[PDB]
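Trainee: first chunk of the complex, coordinates as they sit in the assembly:
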Amino acid sequence: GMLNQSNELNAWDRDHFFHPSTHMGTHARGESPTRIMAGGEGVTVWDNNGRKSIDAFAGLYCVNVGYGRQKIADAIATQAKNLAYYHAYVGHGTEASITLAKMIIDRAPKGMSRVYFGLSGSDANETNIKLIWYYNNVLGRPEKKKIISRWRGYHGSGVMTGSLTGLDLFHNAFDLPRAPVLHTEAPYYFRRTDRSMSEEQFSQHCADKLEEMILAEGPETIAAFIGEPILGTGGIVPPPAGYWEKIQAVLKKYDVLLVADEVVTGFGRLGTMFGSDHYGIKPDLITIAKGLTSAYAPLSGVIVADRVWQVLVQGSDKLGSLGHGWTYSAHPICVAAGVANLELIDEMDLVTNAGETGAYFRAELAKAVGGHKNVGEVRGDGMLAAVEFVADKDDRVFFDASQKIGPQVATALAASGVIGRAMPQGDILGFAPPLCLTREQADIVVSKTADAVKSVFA
């Protein structure tokens, strides 16, 4: 390469590195390509050959302030030098973790009061499950334990959290989903069975199907419902009109807890600080990760509504100290990154930019490719957008999955210097740019996307 130190990186990578979300065989045998990333600034990343790309996916919906922000790197460095680690067990902490909990609560919807820290969105949803079950056992409701998720939801990659996930990739050959997880309708207007339904009618159909599930299972057995405000990995799918209002009316009716999974939406991505506030969701638990630190250091959170919190306190008074902890819960360099990141989001006015430049980006994408014969839909909200491809628009005929149309378009786009993502379980090109994206950078992404679409379909 140009920037590598070792001359052995390909051999070591292929011989010893078991990558997430990679084909083990093609990688090991040298059949699939690899990319060793070296640097970045703003919206630009580069590899160890020095090849540059505009990263219109911000890593994985996570490098929200953009790359190379030395304020956050310096915050990490300072904490790493002073005290990289001590535990947060039995009332131990650092100034950074205590300060961050306060900052998160200030930004969260009113009525939120406590934050429990982890390392990944998956562990935060794991914590949620334990809390939901603990809460119901404390209340003397041992049967109230089932958790309703949704098809195409993404909630993590563990055993229980992969069960919550509603995408087959995270289930097949892993013996998931496991009880007591259930899945209701995908909140996905474009793929509705009855095309005569308006958005609000489809939202009511989803609410009605949730109600039927709750009643069939026994409401006394349903503990919680989990949803992303807008689907991330399940296709960059904003909720249809009326959805959150109607779903919440059903949940309230049967005393079902609401978990808003804000791993993608937390801290500004939609042009509002929280996605729950953006869509009028009043949750009991909020999952956070990714944009909490702009991925500068790993960190997750569970934000707990005060009414749930008070029950947890009653539980501790009967049962004692909580049987839940991660060694690296509240890890000092990670919470330090979170403090710096949240200040930087405000200083750079990125919540405003995400909404305003996000709207511009989405409008421009619609103009550029929405008219194409093989573009079924351009959709999104804030700084999230997707282009979904179809074989026939009038009759909504999808391409056979074997054709890999989504991947073809993402590959063409990448070759032209722009990173977007071919989403799973469809032909969908997704975008989640850093929240600092300028209009001029948006224009480049849109132009190259039109070139990539034209190329694949001509």
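Mentor: Received the coordinates, thanks. Numbers count the residues shown, from 1 in each chain, chains lettered A, B, ... in the order given.

Trainee: Near residue A:21, how many other residues are there?
Mentor: Residue A:21 has 8 neighbours, counted by other CB atoms under 10 Å. To be clear about C-beta, it is placed using only N, CA and C from the backbone, and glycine gets the same treatment.

Trainee: just residue A:126 next, same as before
Mentor: 23.

Trainee: could you say which helix or strand contains it?
Mentor: helix A:121-138 (DSSP states H and E).

Trainee: strand partners of the next helix or strand after that helix, parallel vs antiparallel please.
Mentor: Sequence-wise, the next helix or strand downstream of helix A:121-138 (DSSP H and E) is strand A:146-150. Applying DSSP bridges, strand A:146-150 is found paired with strand A:181-184 (parallel), strand A:222-227 (parallel).

Trainee: Can you name the element that comes right after the first one?
Mentor: Sequence-wise, the next helix or strand downstream of strand A:181-184 (DSSP H and E) is helix A:199-217.

Trainee: Then the longest one?
Mentor: Downstream of strand A:222-227, the next assigned helix or strand under DSSP H and E is helix A:243-253.

Trainee: before we move on, the earlier item: just put the strands paired with strand A:146-150 in JSON lines and tack on mean neighbour count and distance to residue A:6.
Mentor: Below are the strands paired with strand A:146-150 laid out as JSON lines (neighbours: other CB atoms under 10 Å; distance: least, CB to CB, whole Å):
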{"stretch": "strand A:181-184", "mean neighbour count": "20", "distance to residue A:6": "44"}
{"stretch": "strand A:222-227", "mean neighbour count": "24", "distance to residue A:6": "43"}
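
Trainee: so which of the ones you listed gets nearest residue A:136?
Mentor: The closest approach between residue A:136 and any of these, judged by CB to CB, belongs to strand A:222-227 at 5.5 Å.

Trainee: Output the strands paired with strand A:146-150 as a markdown table; include the columns distance to residue A:300.
Mentor: Putting the strands paired with strand A:146-150 into a markdown table (distance: least, CB to CB, whole Å) gives the following:
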| stretch | distance to residue A:300 |
| --- | --- |
| strand A:181-184 | 20 |
| strand A:222-227 | 15 |
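
Trainee: Chain B should join the structure above:
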Amino acid sequence: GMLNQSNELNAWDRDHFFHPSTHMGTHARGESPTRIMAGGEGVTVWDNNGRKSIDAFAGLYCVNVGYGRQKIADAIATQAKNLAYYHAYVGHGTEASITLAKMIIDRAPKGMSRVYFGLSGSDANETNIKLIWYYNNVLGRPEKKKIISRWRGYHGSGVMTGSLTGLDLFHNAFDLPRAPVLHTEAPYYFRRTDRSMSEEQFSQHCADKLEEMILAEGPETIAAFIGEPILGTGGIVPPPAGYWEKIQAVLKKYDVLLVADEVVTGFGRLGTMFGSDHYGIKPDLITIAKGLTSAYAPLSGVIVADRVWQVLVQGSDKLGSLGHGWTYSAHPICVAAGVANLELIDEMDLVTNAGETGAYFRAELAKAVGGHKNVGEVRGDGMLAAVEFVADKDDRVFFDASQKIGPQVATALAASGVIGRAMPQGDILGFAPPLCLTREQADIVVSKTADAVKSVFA
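Mentor: Chain B goes in next, on the same frame as the chains above:
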């Protein structure tokens, strides 16, 4: 305090910080104390009041090179500046992650070939479960899925990983353990039912009970057995003579995979680089975390034996790209810390020191308190030690748990400037000092421990 910036830290902590392994109510209401940690060097830590302590528990068995090692802090800082984050999905990586995978394999038992990175020991055991089930589905053995753990084992704090854990604190009110986890005998000679058994006879009894379980359940249904080489959180309990030899003979007989959970033992703690090598364990999967980075940044690993790996590759050739990933898998600042840490372990000759000064420490502790009327046992191996208290030694009468004798001794010790841990589910004072501990520092820990024992029991 002396070192705090904000004058609001107590209020914020109690009002907003949901700590791991803490009583929610006492913490919230201001009834239990808190400690805000500020700094450290070597074996000494201090809080934001400037109060110093010798940390004879190295955080949580994890600050292995000791505190304030600027080599590792600088490595983190450099990576954070250059590229704090990019994903490792679809064959993406960094020089740091690729280099670390190679370094881990070099140090691991021969026959190990791949490493999958995570953030916590709990997520590494989660990955293990998914791999075990995937492996058996690929082999056409859909019924071969049960996982045998052990009472008093510690394997993490999730739903599935808390199920693997064999300590009640991680089960009660959380509806654990869940199928298909089973628990066999605690590998705990001091508490054997039949006191006439020698260590080797007790080891054979444990092997026989494992065999009976396997046969009762149906060997065709048992996928794996998981164990720490020496129990950490379950009481600092070395395996009895013959244990690992006899257990492995049973597992081999029924084609059961062996997972060595080395979250505590990995990277030198026993005076050997791996605990598996220390006790003659030949595992199929190795869990690592804690000492992998000396906790300077969060990081976990699953080390995969090449024979298991080859089956996984056959699976990818049939099923495609792996449906498993954490956003922060192979997080660049975390793998950078791991590279620096492993070099520092060698440079400071800490594997040697852990064995040699660990043996000295343990001998000195035995001389100082082993003769006390209320000390049932002083035990340990390498740089791990424990003192277990009893009400009557001859008749092995334990104190009532309500008396909190273990906590009393740990509290007295702390008041004298030394941090050890009152272990769960017993009266046991545990030690896991940094691997750089000197003989002179050992002497201080031993002396203060004798003072603390004498004080509680007089």
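
Trainee: Repeat for the neighbour count of residue A:21, accounting for chain B.
Mentor: Residues lying near residue A:21 (other CB atoms under 10 Å in any protein chain shown) number 21.

Trainee: Tell me which residues touch it, please.
Mentor: Going by CB atoms under 8 Å, 6 or more residues apart in numbering or on different chains, residue A:21 touches B:89, B:90, B:321, B:322, B:323, B:324, B:325.

Trainee: Give me the nearest residue to the closest residue to chain B within the stretch 1-150 of chain A, chain neighbours excluded.
Mentor: Nearest residue of the stretch 1-150 of chain A to chain B: residue A:20, at 3.1 Å (CB to the nearest CB). With CB to CB, 6 or more residues apart in numbering or on different chains as the criterion, residue A:20 has its nearest non-adjacent residue at 3.1 Å, and that residue is residue B:325.

Trainee: Could you find the closest non-adjacent residue to residue A:207?
Mentor: Using CB to CB, 6+ apart, the closest residue to residue A:207 is residue A:246 (3.9 Å).

Trainee: The one you found and chain B, how far apart?
Mentor: From residue A:246 across to chain B, the span is 30 Å (CB to the nearest CB, to the nearest Å).

Trainee: thought residue A:362 was touching residue A:378?
Mentor: Yes. Contact criterion CB atoms under 8 Å: residue A:362 and residue A:378 qualify, at 7.3 Å.

Trainee: Could you measure from residue A:8 over to residue B:335?
Mentor: To residue B:335, residue A:8 is 16 Å away according to CB to CB, to the nearest Å.

Trainee: more neighbours, those two?
Mentor: Neighbour count, other CB under 10 Å: between residue A:8 and residue B:335, residue B:335 has more, with 30 against 13.

Trainee: tell me the angle of the helix or strand hosting that one relative to helix A:332-347?
Mentor: Here residue B:335, judged by DSSP H and E, is contained in helix B:332-347. Angle between the axes of helix B:332-347 and helix A:332-347 is 150 degrees (criterion: axes from the mean of the first three to the mean of the last three CA atoms, to 10 degrees).
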